[PDB]
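J.: Sharing a structure with you now.
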């Protein structure tokens, strides 16, 4: 049967656990869990019944990604390789049930010119890595915080953010090209034209008013991921878990 896959930027795994992440996992039982912004050193006992692969950043409390699964992992790959993205613990992958699952955390450029230029540069290198992965031809599912909203429908305040990191013209164009290289935006496919977000700031009732951005993605090639929605029944981090069904063949 199909596998339930969840991608989730936890904003610090220990913080998410304190808010109830293990309880959410106990109830929802994703077959594959792709985590971003783990921050912590590996915590293989945190979610009972899950095998885990961890790729922490060099800096304490910073970035870090992980893949957890109820089925055994195969060919765990830590990093790309890429000097800076590996130092920041931003990409991990493993094969589960014949599908290459990748957990990716792309950098924010919000802090200023320095990190925006970093983001622009490493996203070209990340695109090269993804395109080579697609040319290999094995089925792939990417769960990632990309820190990019694609179209106007993807953020409530689009008119006020066309000059802000995450919605800059070249970043929207990058996302179009990312999908055109051979990836389906599974949440958008499942939503049609409906608006749904994956991140809300902690400032000024933004979560309750649904003033959000869609910056987390489930992207697929060679396999369909259906039923994808954000889960807003919990507030385990600034993001919502994004979950759907991977229709294995």
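Don't worry about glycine lacking a Cβ; one is built from the backbone with ideal geometry, like all the others, and counts go over all protein chains shown. Values in this text are rule-based calculations from the coordinates and carry no lab data.
J.: Averaging sequence separations of C-alpha pairs under 8 Å and six or more residues apart, then dividing by the length of the chain, give the relative contact order as a whole percent.
T.: Contact order relative to length: 21 percent.
J.: How many percent of DSSP beta bridges within segment 94-151 run antiparallel, rounded to 5?
T.: 35
J.: Right, something else. Between residue 114 and residue 161, what is the FRET efficiency for a Förster distance of 25 Å, r being their Cβ-Cβ separation, to the nearest 0.05? Don't jump to the answer; show the numbers that get you there.
T.: Working: r = 20 Å, r/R0 = 0.80.
For residue 114 and residue 161, the calculated efficiency is 0.80.
J.: With each run of n ≥ 4 DSSP H residues scored as -39500 (n - 2.57), what mean residue ellipticity at 222 nm is computed for the chain after dividing by its residue count and rounding to the nearest 500 deg cm²/dmol?
T.: -7500 deg cm²/dmol
J.: Shifting gears a bit: Express as a percent, rounded to the nearest 5, the fraction of DSSP beta bridges in the chain (both residues included) that run antiparallel. Present the calculation step by step, with values, prior to reporting the outcome.
T.: Working: 41 of 52 bridges.
Among the beta bridges of the chain, antiparallel pairing accounts for roughly 80 percent.
J.: Oh, and also: Identify which of 64, 112, 98 has the largest mean-square fluctuation in a Gaussian network model of the chain, with springs joining Cα atoms closer than 10 Å.
T.: Sorting by GNM fluctuation, first place goes to 112.
J.: According to the square roots a ≥ b ≥ c of the eigenvalues of the Cα gyration tensor, what is the shape class of the chain, taking rounded for a/c under 1.5, prolate for a/b larger than b/c otherwise, and oblate for the remainder?
T.: In terms of gyration-tensor shape, rounded.
J.: Ordered by packing density, taken as the mean number of other Cβ atoms within 10 Å over each peptide's residues, highest first, how do 149-159, 128-138 rank?
T.: 149-159, 128-138
J.: Specify the inter-centroid distance of segment 82-128 and segment 175-246, based on alpha-carbon positions, in whole Å.
T.: If we compute the Cα centre of each part, the gap is 18 Å.
J.: Give me the number: length gained by fully extending residue 75 to residue 202, i.e. 0.36 nm times residue separation minus the C-alpha to C-alpha distance, one decimal in nm.
T.: Between residue 75 and residue 202, full extension yields an extra 41.9 nm.
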